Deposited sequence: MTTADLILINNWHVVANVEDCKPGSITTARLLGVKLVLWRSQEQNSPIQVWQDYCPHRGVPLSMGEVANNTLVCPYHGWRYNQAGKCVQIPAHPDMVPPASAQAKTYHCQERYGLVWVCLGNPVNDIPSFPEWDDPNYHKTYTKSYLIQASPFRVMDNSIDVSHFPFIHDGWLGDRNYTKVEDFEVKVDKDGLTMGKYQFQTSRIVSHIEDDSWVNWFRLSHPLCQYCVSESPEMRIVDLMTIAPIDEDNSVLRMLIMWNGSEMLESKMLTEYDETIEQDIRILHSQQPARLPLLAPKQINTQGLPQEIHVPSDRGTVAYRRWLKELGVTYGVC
């Protein structure tokens, strides 16, 4: 559709690299734009990410097929090379295709095993994830979670910490320890950082957490106990103003065998969050100024800072 510039000119994850096999075609949606992702059959071939649209008669290129190093539209068979240019119009095999005959292409980077996409001019870097190449850390990926909520509501819920003893009771919080101790929040040029805060729970029931968003739809979260360190990179694909795809990449320095339990814990807490997110009204995130206005208490300082940050960045897409 017509997102804002801080969104258009930023990188977003739209798929896992394992979803794009050689020779394959897959689809995604980002900020209202339909995307086609494709690869040739060659070893280690790159991923192309284009608007899913043939400009001849408006057919989705994702309904075609990969032939050699080209994507072929199914309707009249126009072939597009890896750079998106039409190289052949079969009805007129000796005709030079017109210059307008070209797919709209976008920037694509593989990083952390994820497929990152920028629909505009990539002025920002992909958020950093320092544990990625650390040999002491194993990795696992959650499945994708399609969520019927504004992406900025999804992230709001991920910055919120006082909800742990309620919807995450027995997982991330304790019904009997509801008080939220003071913590610090800074918004500056590194984005939003929420400082260390302790919360009592087993998954050894003492975990210190902090997290940083250099990017309003990506969160780097660190949770450390004396026994082990777990970090994750949470990415929210903003499908449109009202729908999101959540993905989490998780790394931990404990035993490799803990993987199956890691995914079960995340799956349980994510679905606990999704139940709330689908229920929230209005579905779009209200900024700081029918339905009453939002109320803020001191433990909301992080989510208040998020709303202030979004207003400062000029976000108008998926908010109110």
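Missing from the model, by position in the deposited sequence, are residues 1, 205-210, 297-303.
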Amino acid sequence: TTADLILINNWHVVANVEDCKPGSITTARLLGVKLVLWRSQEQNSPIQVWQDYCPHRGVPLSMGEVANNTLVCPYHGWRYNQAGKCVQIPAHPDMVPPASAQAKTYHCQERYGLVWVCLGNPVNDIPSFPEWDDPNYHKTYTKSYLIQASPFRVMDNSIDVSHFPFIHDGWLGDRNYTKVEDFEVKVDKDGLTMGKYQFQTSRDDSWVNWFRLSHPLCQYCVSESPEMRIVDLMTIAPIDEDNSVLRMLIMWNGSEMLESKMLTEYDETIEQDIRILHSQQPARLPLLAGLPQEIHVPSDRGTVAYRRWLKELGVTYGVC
From here on, numbers count along this sequence of modelled residues.
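Stretches compared: 25-33, 257-265. Higher mean C-alpha B-factor in the entry: 257-265. When the mean C-alpha temperature factors of 89-97 and 184-192 are read from the deposited coordinates, 184-192 comes out higher.
Among 247, 76, 179, 111, the highest C-alpha B-factor in the deposited entry belongs to 179. Across the residues 243, 102, 223, 128, the deposited record lists the maximum Cα B factor for 223.
Among all modelled residues in this chain, the alpha-carbon of residue 80 has a temperature factor (C-alpha) in the lowest third. Looking at the C-alpha B-factors along this chain, the one for residue 307 belongs to the middle third. The PDB entry assigns residue 235 a C-alpha temperature factor belonging to the lowest third of its chain's modelled residues.
Sorting the modelled residues of the chain by their CA temperature factor places residue 123 in the highest third. The entry lists a Cα temperature factor for residue 168 that places it in the highest third of the chain's modelled residues.
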